[PDB]
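# Report on the structure
As a plain string of letters, each chain reads:
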Amino acid sequence: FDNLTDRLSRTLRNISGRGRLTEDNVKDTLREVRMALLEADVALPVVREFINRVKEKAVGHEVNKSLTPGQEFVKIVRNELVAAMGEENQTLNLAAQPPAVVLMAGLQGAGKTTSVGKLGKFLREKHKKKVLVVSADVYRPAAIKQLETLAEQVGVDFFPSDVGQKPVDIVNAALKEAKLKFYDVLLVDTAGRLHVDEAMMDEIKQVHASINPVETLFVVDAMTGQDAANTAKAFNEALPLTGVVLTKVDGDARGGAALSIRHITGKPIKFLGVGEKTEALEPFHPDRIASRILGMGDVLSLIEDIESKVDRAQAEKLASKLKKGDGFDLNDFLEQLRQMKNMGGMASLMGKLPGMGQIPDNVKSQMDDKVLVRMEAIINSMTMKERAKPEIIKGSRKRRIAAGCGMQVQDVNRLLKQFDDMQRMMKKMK
Amino acid sequence: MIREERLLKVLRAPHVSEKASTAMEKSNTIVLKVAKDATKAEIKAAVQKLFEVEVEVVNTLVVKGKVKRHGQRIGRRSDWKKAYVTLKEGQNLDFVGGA
Amino acid sequence: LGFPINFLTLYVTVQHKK
Amino acid sequence: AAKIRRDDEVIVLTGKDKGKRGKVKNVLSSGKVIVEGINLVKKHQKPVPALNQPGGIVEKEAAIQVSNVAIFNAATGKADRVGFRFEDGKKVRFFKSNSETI
Amino acid sequence: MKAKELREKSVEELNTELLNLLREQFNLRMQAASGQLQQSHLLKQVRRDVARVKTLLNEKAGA
RNA sequence: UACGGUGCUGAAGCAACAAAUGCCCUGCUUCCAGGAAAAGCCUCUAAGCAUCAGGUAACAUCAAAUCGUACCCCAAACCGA
RNA sequence: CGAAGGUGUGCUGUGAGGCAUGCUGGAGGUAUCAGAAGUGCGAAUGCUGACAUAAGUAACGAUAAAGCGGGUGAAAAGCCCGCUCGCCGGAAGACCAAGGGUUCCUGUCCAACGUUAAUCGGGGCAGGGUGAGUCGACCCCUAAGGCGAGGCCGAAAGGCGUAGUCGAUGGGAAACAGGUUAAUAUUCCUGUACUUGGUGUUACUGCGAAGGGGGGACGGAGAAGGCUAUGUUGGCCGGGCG
RNA sequence: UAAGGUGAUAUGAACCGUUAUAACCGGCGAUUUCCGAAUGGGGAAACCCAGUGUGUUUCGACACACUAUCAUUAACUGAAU
Ligand SMILES: [Mg+2]
Ligand SMILES: [Mg+2]
Ligand SMILES: [Mg+2]
Ligand SMILES: [Mg+2]
Ligand SMILES: [Mg+2]
Ligand SMILES: [Mg+2]
Ligand SMILES: [Mg+2]
Ligand SMILES: [Mg+2]
Ligand SMILES: [Mg+2]
Ligand SMILES: [Mg+2]
Ligand SMILES: [Mg+2]
Ligand SMILES: [Mg+2]
Ligand SMILES: [Mg+2]
Ligand SMILES: [Mg+2]
Ligand SMILES: [Mg+2]
Ligand SMILES: [Mg+2]
Ligand SMILES: [Mg+2]
Ligand SMILES: [Mg+2]
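Residues numbered from 1 in each chain as written, not as in the entry; some residues may be left out. Chains lettered and ligands numbered in written order. Part of a larger assembly, values for the part shown. Heavy atoms only, no water. Residues with missing side-chain atoms left out of burial classes, pairs and counts.

## Details of the overall build of chain B
- When helices and strands are tallied, chain B shows three helices and zero strands.
- Listing each helix as α and each strand as β along chain B from the N terminus yields α-α-α.
- Compactness check: chain B gives a C-alpha radius of gyration of 16 Å against a globular reference of 13 Å for 99 residues, more than 25% above the reference.
- Dimensions along the principal axes, computed over C-alpha positions, put chain B at roughly 55 × 45 × 20 Å.
- Scored against the burial criterion, the 99 residues of chain B give a buried share of 28%.
- A separation of at least 24 residues holds for 54% of the contacts in chain B among residues at least 6 apart in sequence.
- Within chain B, one finds 21 positive and 12 negative side-chain charges whose respective centroids are separated by 13 Å. (Helix = DSSP H or I, 4+ residues; strand = E, 2+ residues; numbered from the N terminus. Rg over C-alpha atoms; globule rule 2.2 N^0.38 Å. Buried < 20%, exposed > 50% of the residue type's maximum accessible area, 1.4 Å probe, protein only. Contact = heavy atoms within 4.5 Å. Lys, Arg positive; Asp, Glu negative; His and termini not counted. Charge placed at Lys NZ, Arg CZ, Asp CG, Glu CD.)

Written as structure tokens, this is what we have:
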């Protein structure tokens, strides 16, 4: 699909194709996009519908004047992409009360356990709250184990029972535990050996109605895709509050149909998480995905951080002395850094997004990030004062930083200006 | 005999500058730079027809240039032209602008 | 604000190789 | 006076080399002649809008134009250009002694 | 048309690369070169093409 | 507030006297040296028109094209190197 | 295994010079004999270029003098901000024509140009910037004068000039007040208008020239009256009590 | 004629070409704005304005073609007689 999200700007071409008509720009794209889908799993029965509705509109509308059609088209395209997928209902993944019951019903494994992590993981790096997890699966091996890891490796205990093949108890057991300790949120992955899905649920049956869980979720890898539909489906009935997510994004190639099918049941998602890494999990809201043409955008996010910074120096001392008396030192510069990789200086989103308003070049984003660490290299390879008078960088005083930071000269001189010029231009206020 | 009119290619890309867009805020009057022998009357239809805009009345200018690229001796003029069209608030264009 | 501030911040880091 | 098409295992009658075969060539009438016969070293300054410095300098379009013997199944030399009947006629395309194409 | 391919009918119709067959050039007309994505082949193959067809007319008609 | 300036809001807002080389004044008076032209404009008819066309007025609407317009201008942008 | 040319040395001749050779130089040079000459400069207040001298001397362009605190910056007497101070004000202000032809505004940079320094400029390099039915030119009209079918002259070139056609410095139609841009402005916006031509509807009617008539349409000087610009005082309104 | 090419400062870019139809060289032809004898009148050369036709016409009207002087002839006219 991704490479369709290009058809996007591939479309932002006044030139147009051969057809004098350029009239076809659309339909192609349609089909084009239309293609990229099913090819990427995606069911089709539906499609007709979309592709249709799409059409429908046309012969019943026009872009309010004062606005190039081409564009409009989209709003519409986009428009229906939404509906096409998780139409619109903003999933409510946060606290109804506290603490909580995360019944994690999983078909055969696959994200089975994993998932939980970032999930939990996620919420700890969110509310003073107290997670808590439990190995709610005894058929397949590495219950705790593989999982167990993270648990600590994230600063989040968990609990289970070696070997010990029997949910319920253990579950129950767990539960009240944290509870007794009065934690805030529990996550507990489960499943069963029944070769039939009704048997799966059949299991969750007791599982559920024995515990009395508030929030319940199933999950699946796009591996299965549109097929999945059913699976989940049968259950939306079991429990409508039944919301879910799709294991592995970067973990397939089919996707679509997966999430597609879902939707088309009134299905309820909340996240998705590209795959590996303790954080790849993400919230979810059609648009969000799709954001940026067919799915993920931010920065708006990464964007909004400016506000974080820009308006925080405000935050040394906002004044912390109304004025001007010279009260701080310009090494933010490097200050920027930290934040950022400390937390969120991950690529912030710096992608750039649509080259807009001016499309400039490939290395600009494209070529420093991955590697805007370097700049850092030094800095900490220098006294405070240094960065306050970034104009006392004699060949002498620095080569040491050069080596002291481990970087053969060049790199530096070859930067010193990306500092004294930044401003230069930067500082160009009338 | 058919009128040798560049029914289509009378103009070229839009000017675009500070006045650009800020001028659009006035009456959706955009600039665009037409060729010398333009005559507003030839512009009016040029923009409204084919390019679907339904404008009304213009302005148009001229403007020259003159610089010096290489060291000595090498210099010139260049000329050009301006336009402002209008576009009533009623008949829009589903504007082809963004950020 | 978010554009320049963020874009200058961006343009600066890339240009300054160290 | 072009003496190469898609490949000519030339030699080096003179030019710091004895007989190093090669390719590229691109000899002509208004253009150059480049082959591994020669190469050099010195990179050019790259201020960074983007590091327009891929780095690595060796030959680019090294010198040495015409006046270069082309391949022969045996030793060296063997100036080409003779001419044959029909067989295209878009060029003499033959060889000295016995041969035509490689 | 192309070359000899051009000699066929007699309708000026083919001579409309300008109408709905030229609007494309109009977009990528902004200097400051903005639009580098991939095969940005914004070179004039069409305007040079406007002739030929602009020719032949007389070939058939008069000289 | 960027330090230049910005968005909002906003009172009274009259009378008396005094003037011009400006205006009535292409005037009035007077003098000898006795003070452009042509078109527009108004009007009168010729040939011609001969229930027509045209004319006048009211309003309705369309048209009013194309060049110049930046800045210096008793001066650091003009004539004096 | 270093030509010419350049710079030293030794020997040699009566001399103009010759030879050898160290250094530099990076390619050509030419015994001998004979031949053809742009064949040898210190001078011509000689031509051209380069460099001295005077001499770090005179001078730095109106005698309307400037002081200070900040800012920026490698550096500030000169640039930006501020408070003082002084100068012009029938102007040293404002607007336009003539002429100039981007000098305008923004960002930048300080080599050369600024009679010094220069972060500053009418300097460099970029961009941006002059929007009309009512202002002007085109355009109707003609002045002086120019050109001039045919025509009259004149060795040729060509001179003169009838019809006629150009030619403003003069006559012909119509817009103002607020607002706004970094820079435009009776051109853009708002509010309120106006001129002329075509077409149309209505009403009433004799229309019609390159022609006739009127009119445009015109001096100098002087003498008022009335009025407006506009100023002053009061009233009114807002503000302060030193 | 061909394995190479899109003139130069001029690279870069985007392209065109390669065992019978790029590029290049030669012949013939097409197009050839405007000013300039300049030739429709005008004119401070590159611009101002007009008469008669023409098609389209979204039927508003516009773009284009012809309209210089003079002589030979011809045709038609036609003063003072
Ligand atoms: Mg002005
Ligand atoms: Mg003088
Ligand atoms: Mg002397
Ligand atoms: Mg001294
Ligand atoms: Mg002395
Ligand atoms: Mg002295
Ligand atoms: Mg002195
Ligand atoms: Mg002075
Ligand atoms: Mg200049
Ligand atoms: Mg200035
Ligand atoms: Mg300047
Ligand atoms: Mg104008
Ligand atoms: Mg005469
Ligand atoms: Mg006249
Ligand atoms: Mg005049
Ligand atoms: Mg001004
Ligand atoms: Mg003419
Ligand atoms: Mg003439």
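## Thoughts on the overall build of chain A
- Along its length, chain A carries 15 helices and four strands.
- Expressed as lengths along the three principal axes of its C-alpha atoms, the size of chain A is roughly 75 × 70 × 45 Å.
- Within chain A, the proportion of its 430 residues that are buried is 38%.
- Summed over its atoms, the accessible surface of chain A is roughly 26800 Å², and 55% of this surface lies on carbon and sulfur atoms.
- A gap of 6 Å separates the mean positions of the 66 positive and 58 negative side-chain charges of chain A. (Areas by Shrake-Rupley, 256 points an atom, 1.4 Å probe, with all protein chains shown as cover.)

## With respect to unusual backbone geometry
- Note that the residue after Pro98(A), namely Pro99(A), is joined by a cis bond; omega there is 0 degrees.
- Unlike most non-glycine residues, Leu132(A) shows phi in positive territory, near 130 degrees.
- For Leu132(A), the location among the structural elements is in the loop between α5 (116-124) and α6 (144-153).
- You will see that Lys66(B), though not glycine, has its phi angle at about 75 degrees, which is positive.
- Along the polypeptide, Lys66(B) turns up in the segment after α3 (40-48).
- For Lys66(B), a relative accessible area of 51% corresponds to the exposed category.

## Notes on the protein's contact with RNA strand F
- As a structural note, the neighbourhood of RNA strand F is formed by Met429(A), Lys430(A), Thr39(B), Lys40(B), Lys44(B), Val62(B) and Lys81(B).
- Within the side chain of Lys81(B), a nitrogen or oxygen atom sits 3.4 Å from a phosphate oxygen of RNA strand F.
- A breakdown of the residues in the surface near RNA strand F according to their chemical character gives two nonpolar, one polar and four charged. (Near = heavy atom within 4 Å. Polar contact = N/O pair within 3.5 Å; in protein donor to acceptor, adjacent residues only side chain to side chain. Nonpolar A, V, L, I, M, F, W, Y, C, P; charged D, E, K, R; others polar.)

## Quick notes on a negative patch on the surface
Residues and elements named next belong to chain A.
- Judged by side-chain charge, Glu-148, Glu-152, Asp-157 and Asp-162 come together as a negatively charged surface patch.
- Among the secondary structure elements, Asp-157 is positioned in the loop between α6 and α7 (169-180).
- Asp-157 sits in the exposed class, given a relative accessible area of 56%. (Patch = residues over 30% accessible without salt bridge, like charges linked within 9 Å, V, L, I, M, F, W, Y side chains within 5 Å. Salt bridge = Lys/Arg side-chain N within 4 Å of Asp/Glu carboxyl O.)

## Let's talk about the interface of chain A and chain C
- On the side of chain C, 14 residues touch chain A, which itself brings 32 residues to the contact.
- Residues belonging to the side of chain A that touches chain C are distributed by class as follows: 20 nonpolar, three polar and nine charged.

## A short note on the nonpolar core
All names here are of chain A.
- Counting 28 residues, the largest nonpolar core has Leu-119, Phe-158 and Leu-187 as its most contacted members.
- Contributing elements (two or more residues each) for this core: α2 (24-38), β1 (101-105), α5, α6 and β3 (215-221).
- Beyond its immediate chain neighbours, meaning those up to four positions away, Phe-158 contacts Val-133, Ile-144, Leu-147, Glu-148 and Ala-151.
- Listed in part, the 20 residues of the second largest apolar core include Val-134, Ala-136, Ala-174 and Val-244. (Core = buried A, V, L, I, M, F, W, Y, C linked by side-chain atoms within 4.5 Å.)

## Overview of the protein's contact with RNA strand G
- Residues in contact with RNA strand G amount to 18 residues; listed here are only the nearest, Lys430(A), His15(B), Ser17(B), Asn59(B) and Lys82(B).
- In RNA strand G, the atoms that sit within 4 Å of the protein are 81% sugar and phosphate, with bases accounting for the remainder.
- In the environment of RNA strand G, a phosphate oxygen lies 2.8 Å from a nitrogen or oxygen atom belonging to the side chain of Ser17(B).
- Residue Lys68(B) places a main-chain N or O atom 3.3 Å away from a phosphate oxygen belonging to RNA strand G.

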